[PDB]
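Some notes on the structure that comes next.
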Amino acid sequence: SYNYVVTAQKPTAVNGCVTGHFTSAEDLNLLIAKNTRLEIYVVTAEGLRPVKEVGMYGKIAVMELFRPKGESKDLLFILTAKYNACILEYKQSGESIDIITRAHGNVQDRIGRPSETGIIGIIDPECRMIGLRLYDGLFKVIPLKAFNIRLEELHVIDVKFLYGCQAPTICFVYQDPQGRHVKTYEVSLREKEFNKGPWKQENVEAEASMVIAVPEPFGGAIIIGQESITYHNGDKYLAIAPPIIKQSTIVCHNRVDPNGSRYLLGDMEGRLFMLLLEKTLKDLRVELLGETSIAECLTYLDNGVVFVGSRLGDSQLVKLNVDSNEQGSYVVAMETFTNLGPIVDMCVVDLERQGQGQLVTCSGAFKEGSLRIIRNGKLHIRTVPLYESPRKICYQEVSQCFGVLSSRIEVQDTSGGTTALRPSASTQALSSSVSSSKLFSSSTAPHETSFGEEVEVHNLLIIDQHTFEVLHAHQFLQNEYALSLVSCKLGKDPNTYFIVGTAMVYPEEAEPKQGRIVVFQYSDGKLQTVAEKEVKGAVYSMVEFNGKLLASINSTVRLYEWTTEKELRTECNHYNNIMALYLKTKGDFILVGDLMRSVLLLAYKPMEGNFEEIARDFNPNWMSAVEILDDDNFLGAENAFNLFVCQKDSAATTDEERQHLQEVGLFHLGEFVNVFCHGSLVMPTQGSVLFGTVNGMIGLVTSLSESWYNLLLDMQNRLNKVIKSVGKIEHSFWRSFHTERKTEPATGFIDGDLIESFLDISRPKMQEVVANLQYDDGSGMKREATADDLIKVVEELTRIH
Amino acid sequence: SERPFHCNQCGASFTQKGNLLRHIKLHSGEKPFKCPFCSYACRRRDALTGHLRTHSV
Amino acid sequence: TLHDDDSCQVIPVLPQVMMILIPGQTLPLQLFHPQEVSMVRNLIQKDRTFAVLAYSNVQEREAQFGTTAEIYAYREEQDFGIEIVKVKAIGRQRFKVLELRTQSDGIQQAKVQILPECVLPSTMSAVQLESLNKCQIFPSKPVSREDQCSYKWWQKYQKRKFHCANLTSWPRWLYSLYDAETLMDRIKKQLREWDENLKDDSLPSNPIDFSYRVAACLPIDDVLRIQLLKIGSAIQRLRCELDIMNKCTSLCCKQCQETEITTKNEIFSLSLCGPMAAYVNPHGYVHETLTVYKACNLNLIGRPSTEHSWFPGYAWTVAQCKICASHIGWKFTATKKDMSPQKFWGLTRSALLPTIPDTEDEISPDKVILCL
Ligand SMILES: O=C1CC[C@H](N2Cc3cc(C4CCN(Cc5ccccc5)CC4)ccc3C2=O)C(=O)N1
Ligand SMILES: [Zn+2]
Ligand SMILES: [Zn+2]
Ligand SMILES: [Zn+2]
């Protein structure tokens, strides 16, 4: 296999945000974290001045600014997910802008158990040292050589640097087998060992989750849980328990004023709160500000403006008015930034019938759930909010409408029924219906329902492809989870139908004993229920298989035919020793895979009306999505933000092993893939597979010849010498296949981003690289490489996205 | 009647030697539907019947 | 001491060690050959490790994998004039057959490649939001018998740890079928039906050793035990064990396969040792014997005897299959009246399989036998 992967759309999810004086001690900068991308914005009176966007050879996990001893401006600390660290300084050289790596290094240790609470990176206020918590019972310290110190507390929740102490001192919240408590520890570099912390509180709330150290005028640390918000400063102890917080746990924050009198707090659901200090300190007081997108990170800007960093929905710029608004909120949204992530499904449509192809995604979650329309002609973005969770999508041209699996949250009232949290598309439908089935009404059992908590109800929405208006909503049964969706014609019937696979989920029954496949037809603004077919398991996936419907039921793969009675006739069956979750087809071949990378490849034999096992390969690892490249090669995604391709085993001199699959492709993408689909966004490369991520990243993968692969390999190795590498991180190390304990160099995949960067280097760099390369234009004439030949080849390669 | 012929596998007590040997042979197996006339063992009990009927005649 | 992964190693092979070993399972062994001692009399200085094999068709000697064993006890004498030599061995790293050298006398050496133990992190490490890493840890577990008997507590658990699973194509309760803690609980709910020993301390928290402790208590086939060893993923190993404990319940004669002996409901743990354990007879034959309350379709052989009884206070009587007369085990009958079960049965596993009940319902005949 010889493949090429390139970024088509940079990530849109916001995983971090900080403000500081980076471009100059007087300038005010805004820093945005977008997975592999880092953005620098300057705070203006009207808004934010965009300055620079860069790409890193690492997944940004920690990002904090600091002002070093006797230095011009704030310096930046960054740690990658692969544990590469780098320190950056903003450099202007006339018209050229550069980010220099003042120091770099990797802080990995071969042996270490990563803590449950993840990576944490903090810097002391004096900017003397950097604290890192990567593995339990160890604490790395950098004053880029580093040293570890032992920790008897093996379950750290959160830790921060104290203000106003004789030496840098840390205070943390741990959970021991006797409760949850807070503690302190002092640092001695000269000793490279721990000293005694100034104080200690032997008990704290069982759900303590956030620790914030208040600056020097106050000192101490703020502790926040579900029920209690406490303050501790040696022997000073304060505590409050406001009601407005029990609905959602406090998750993200930011310091408002440098004197430390006001804090911002956001919940898991988009409510934004402010912490006010009534000053010694007398008491604490909390106030609701309003509702925002679910916030991953928050930053107080200035002029009553706060930046909303969101992973689930669009980022927002909001104003903080001294008076509340008529709905009760003090916040109003000023400007929104497009966010494509998370992407749970997508489809490609040539809406204008121009041979183009437009990308339409089911994106977001909860009230930020939305459809995203992507148009190339660079990429154009239209946003259509849905206010509930989208799941799956398919396109039906004859009806000029989309089918979308949707789910909304409701809470149990006290009136017997349930109430929605907010208006959504499923309650704004022009027409509505709820299916009724005696077959599943035949389920009679105990079902003690508590009355005051959440529950999921799934719905099917039908929406016009032009206006994107809610045409029709069909509600699914109680305890029924909408899983699979497909639109296609069957048998001799020329009508086009929507087929939906469902399952019944009950809280005390793990393995699903029940499920449905329901066929729908959309006519004159109404969805007519066609048929009902009960199966004894969950209907995970369905795929059009040449006039027939291939369906997955738990670990069973069943092929259904279309009867003349407009029903499904079970033709044949194939039982697998794994749960048949992922299902992709091409022609008569059938590839089946589970969640744990267990691959299973079948081929339907029409002469006997059944399936034959062609090959099989098990390699235990979490798998997120899988796709077929061609008859002999298949692409998958497996944890570790990693991609893999396995071969159909060409010419194995082993009859019993021609059914075994090798491993010819491995690649570290840096993104978590959820769905693959064939298509291209335009009118030497073969094939085309687009994929969407949780961070909204979009790339294109196509196949190459051995000559094309071999040529680009030496070019990449050459470019790695000349391209200025962020943090001096090697591309071979970045793209290395990496599990939490293993590492192996990638092969079979060309990093199209790095290839395209060739056009943006100075012309002297190009000639330097091309020199001493043996060139083959194809079939005829092997010579030395021409500086030009690559460029015009490179452009025709760029003309894929 | 004191059964001094014990089987090392299961422990069965037998009153005569030759009865114990008949026991330890059944411990082994090899499709244990042995026909006593010919010794042809069969994999199932119904195929023994169809095989047994060829044995009387 | 343990060998590094994938290493090309040469290990002795012990003849007449006919079983399939699962790592950590202890093995007492009766020796009689001087060659068995001749291997041990040197092995004990000092490796103390050989290679238990996994024969599929031992009469044709078909084996493909196995489990290294670490001889951890060895001390013996010639008391009452009979020279007696017994050792306790324990299994360690799984392996795969490559080449084999039957040396001069027996001395079958094993050219072997170590099998790597494949550890996998949680399902959330990729998609879990950095903001909620503080929320990952729960306010611990109540370790009780009331909110575990109730499921409301665990629902909130399943709700929280996979809250960010809403960013995938798959909902939470699916990952519950891959959550080690959930799968352990599903087993932490089945063996209290079987055993009264405290799960809490006796079981290990780590699923690796916990998977092998489940594997050394299930009366399953020799072949089922085999592909159970092919499974590097402790998670897959648990689901396979689980779906076995769901389907594979009622046990039949391995040889005739026409006689339903007993059901898994009839299993019970007599002592803290467990329901199934390895017992030895006075001739060196090792029996993985299971204890069950009731069994049927068996004939008894001979009179009961207390001689060398593994359960003092009970007299055993040989039991064999009604149809094929192959040995199934023993009927243990109490000697006194103050004995608790009075008639606890007791079957040897190598003749058993808790087979799929081919339900004789004319409306529910066959079904699906996905051996996962
Ligand atoms: O509960 C259980 C199940 C049965 C299992 N046994 C017991 C057992 C005893 C013997 C023979 C050993 C030789 N003596 C000779 C002798 C005669 C009278 C007095 C003393 C010695 C007779 C018994 C052979 C096989 C087995 C066997 O498989 C076990 O150990 N426990
Ligand atoms: Zn016997
Ligand atoms: Zn015969
Ligand atoms: Zn039998």
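Distance between the C-alpha centers of segment C:150-186 and segment C:66-89? Whole Å please. If we compute the Cα centre of each part, the gap is 47 Å. Prolate is the label for segment A:571-715, because the ratio a/c of its alpha-carbon gyration tensor axes (a ≥ b ≥ c) is 1.5 or higher and a/b is greater than b/c. The calculated P(r) of segment C:108-163, using every Cα pair and 10 Å bins from 0, goes 17, 32, 23, 12, 10, 5 in percent. Our note on the geometry: Cα centres of segment A:500-556 and segment A:197-229, 50 Å apart. In chain C the longest region clear of GluC sites (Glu not before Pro) that are loop-assigned by DSSP and have at most 15 other C-beta atoms within 10 Å covers C:197-257. Annotation: amide H-H contacts under 5 Å for A:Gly290 (H modelled 1.01 Å from N, sequence separation of 5 or more, or interchain): A:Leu272, A:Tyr330. How would you classify segment C:259-315 from its alpha-carbon gyration tensor, with a ≥ b ≥ c the square roots of the eigenvalues: rounded for a/c under 1.5, else prolate if a/b is greater than b/c, otherwise oblate? Because a/c hits 1.5 or more and a/b fails to exceed b/c, segment C:259-315 counts as oblate. From the Kirkwood radius over Cα pairs of segment A:465-554, Stokes-Einstein at 10 °C and 1.306 mPa s returns a whole-number translational diffusion coefficient of 112 µm²/s.
Averaging sequence separations of C-alpha pairs under 8 Å and six or more residues apart, then dividing by the length of segment A:709-798, give the relative contact order as a whole percent.
Working: 59 pairs, mean separation 20.8, N = 90.
So the answer I get is 23 percent.
When restricted to Cα atoms, segment A:372-514 yields an Rg and a Dmax of 17.4, 57 Å, respectively.
Working from Cα pairs under 8 Å separated by at least six residues, relative contact order for segment A:428-548 is 21 percent.
Once Rg and the Kirkwood radius are both taken over the C-alpha atoms of chain A, their ratio Rg/Rh works out to 0.97. Sequence-ordered 3J(HN,Hα) estimates for segment A:640-646 from the Karplus curve with 6.51, -1.76 and 1.60 and θ = phi - 60° stand at 5, 6, 9, 10, 8, 10, 10 Hz, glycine and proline given as x. Direction-averaged projected area, Cα convex hull, segment A:165-313: 10.4 nm², rounded to one decimal. In chain A, a dipole from Cβ-located charges (positive for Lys and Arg, negative for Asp and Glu) runs towards its positive end, and of A:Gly665, A:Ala651, A:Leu351 it is A:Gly665 whose Cα lies farthest in that direction. Cross-link reach is defined here as a Cα-Cα straight distance under 13 Å, omitting same-chain residues fewer than 8 places apart; for C:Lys322 the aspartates and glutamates meeting it are C:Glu258, C:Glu260. List, in the order given, every pair from A:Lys536/A:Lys584; A:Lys392/A:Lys566; A:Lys246/C:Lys159; A:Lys548/A:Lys605 whose Cα-Cα distance in the structure shown is over 20 Å. Beyond 20 Å between Cα atoms: A:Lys536/A:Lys584; A:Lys392/A:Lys566. Under the shape rule built on the C-alpha gyration tensor, where the axes satisfy a ≥ b ≥ c, segment C:164-313 is prolate, since a/c reaches at least 1.5 and a/b is greater than b/c.
Binning all Cα-Cα separations of chain C at 10 Å, short to long from zero, yields these whole-percent fractions: 4, 20, 28, 26, 16, 6, 1, 0.
The calculated Kirkwood hydrodynamic radius for segment C:209-270 is 12.7 Å, given to one decimal from all distinct C-alpha pairs.
Pairs from the list A:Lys533/C:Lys367; A:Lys82/A:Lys728; A:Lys648/C:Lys367 with a Cα-Cα gap above 22 Å: A:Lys648/C:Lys367. Cα-based values for segment A:627-703, radius of gyration first and Dmax second, are 14.2, 44 Å.
Find the eigenvalues of the gyration tensor of the Cα atoms of segment A:709-798, then list the square roots of 5 times those eigenvalues as equivalent ellipsoid semi-axes, largest first, in whole angstrom. Walk me through the intermediate numbers first.
Details: eigenvalues 130, 52, 25 Å².
They are 25, 16, 11 Å, listed from largest to smallest.
Backbone geometry of segment A:247-260 corresponds, through the Karplus equation with coefficients 6.51, -1.76 and 1.60 at θ = phi - 60°, to 3J(HN,Hα) couplings of 6, 8, 6, 6, 9, 9, 8, 5, 7, 8, 10, x, 6, x Hz, x marking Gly and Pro. Taking every DSSP helix (H) stretch of at least 4 residues in chain A, weighting each as -39,500 (n - 2.57) and dividing the sum by the residue count yields a mean residue ellipticity at 222 nm of -1500 deg cm²/dmol.
Average 1/r across all pairs of distinct alpha carbons in segment A:3-337, invert it, and you get the Kirkwood radius: 21.1 Å. Of the residues A:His668, A:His447, the one with the fewest other Cβ atoms within 10 Å heads the list, and the complete ranking is A:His447, A:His668. Partners of A:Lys438 within straight-line reach, counting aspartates and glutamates whose Cα lies under 20 Å from its Cα and excluding those fewer than 8 residues away in the same chain: A:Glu480, A:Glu532, A:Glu534, A:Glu567. In this structure the amide hydrogen of A:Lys392, modeled in the peptide plane, comes within under 5 Å of the amide hydrogens of A:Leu405, none closer than 5 places in sequence on its chain.
Counting each DSSP H run of 4 or more residues in chain C as -39500 (n - 2.57), what helix-only mean residue ellipticity at 222 nm follows after dividing by all residues, to the nearest 500 deg cm²/dmol? Could the numbers behind the result be given before it?
On the way: 8 runs with 68 residues, N = 372.
When only DSSP H runs of four or more count, the value is -5000 deg cm²/dmol.
Residues of segment A:678-692 with amide nitrogen under 18 Å from the 7 Å Cα-to-Cβ point of A:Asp350? Residues A:678-683, A:687-690 qualify, since their backbone N sits under 18 Å from the label point.
For segment C:8-72, which chymotrypsin sites (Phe, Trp or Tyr not before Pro) are in a loop by DSSP, counting at most 10 other Cβ atoms within 10 Å? List each step's numbers first, then the result.
On the way: sites: C:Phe32, C:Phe50, C:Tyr55, C:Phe65, C:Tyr72; in loops: C:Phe32.
Counting only loop positions with at most 10 other Cβ atoms within 10 Å, none of the chymotrypsin sites (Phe, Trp or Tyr not before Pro) in segment C:8-72 qualifies.
Across every pair of non-identical alpha carbons in segment A:99-189, the mean reciprocal distance, once inverted, gives a Kirkwood radius of 14.1 Å. Couplings 3J(HN,Hα) of segment A:653-668, computed from phi: 6, 8, 4, 6, 10, 4, 8, 9, 10, 7, 9, 9, x, 9, 7, 9 Hz, in residue order, whole Hz [Karplus 6.51 cos²θ - 1.76 cosθ + 1.60, θ = phi - 60°; x for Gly and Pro]. Enumerate the amide H contacts of A:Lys533 below 5 Å, restricted to partners 5 or more residues apart or on another chain; note that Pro and chain-start residues carry no placed amide H. Residues meeting the amide H criterion: A:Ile517.
Which ordering of C:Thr26, A:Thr654 is given by a fewest-first count of other beta-carbon atoms within 10 Å? Don't jump to the answer; show the numbers that get you there.
On the way: C:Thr26 16, A:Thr654 9.
Starting with the residue having the fewest Cβ neighbours, the order is A:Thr654, C:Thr26.
Would you kindly calculate the translational diffusion coefficient of segment C:300-340, applying Stokes-Einstein with the Kirkwood radius from alpha carbon pairs, for 10 °C and a viscosity of 1.306 mPa s, and quote it in µm² s⁻¹ without decimals?
On the way: Rh = 10.9 Å.
D = 146 µm²/s.
Distance from the alpha carbon centroid of segment C:1-45 to that of segment A:128-160 works out to 44 angstrom.
We did not get these values from a lab; they are worked out from the coordinates using the rules stated. All Cβ positions, even for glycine, are placed from backbone atoms using ideal geometry, and neighbour counts span all protein chains on display.
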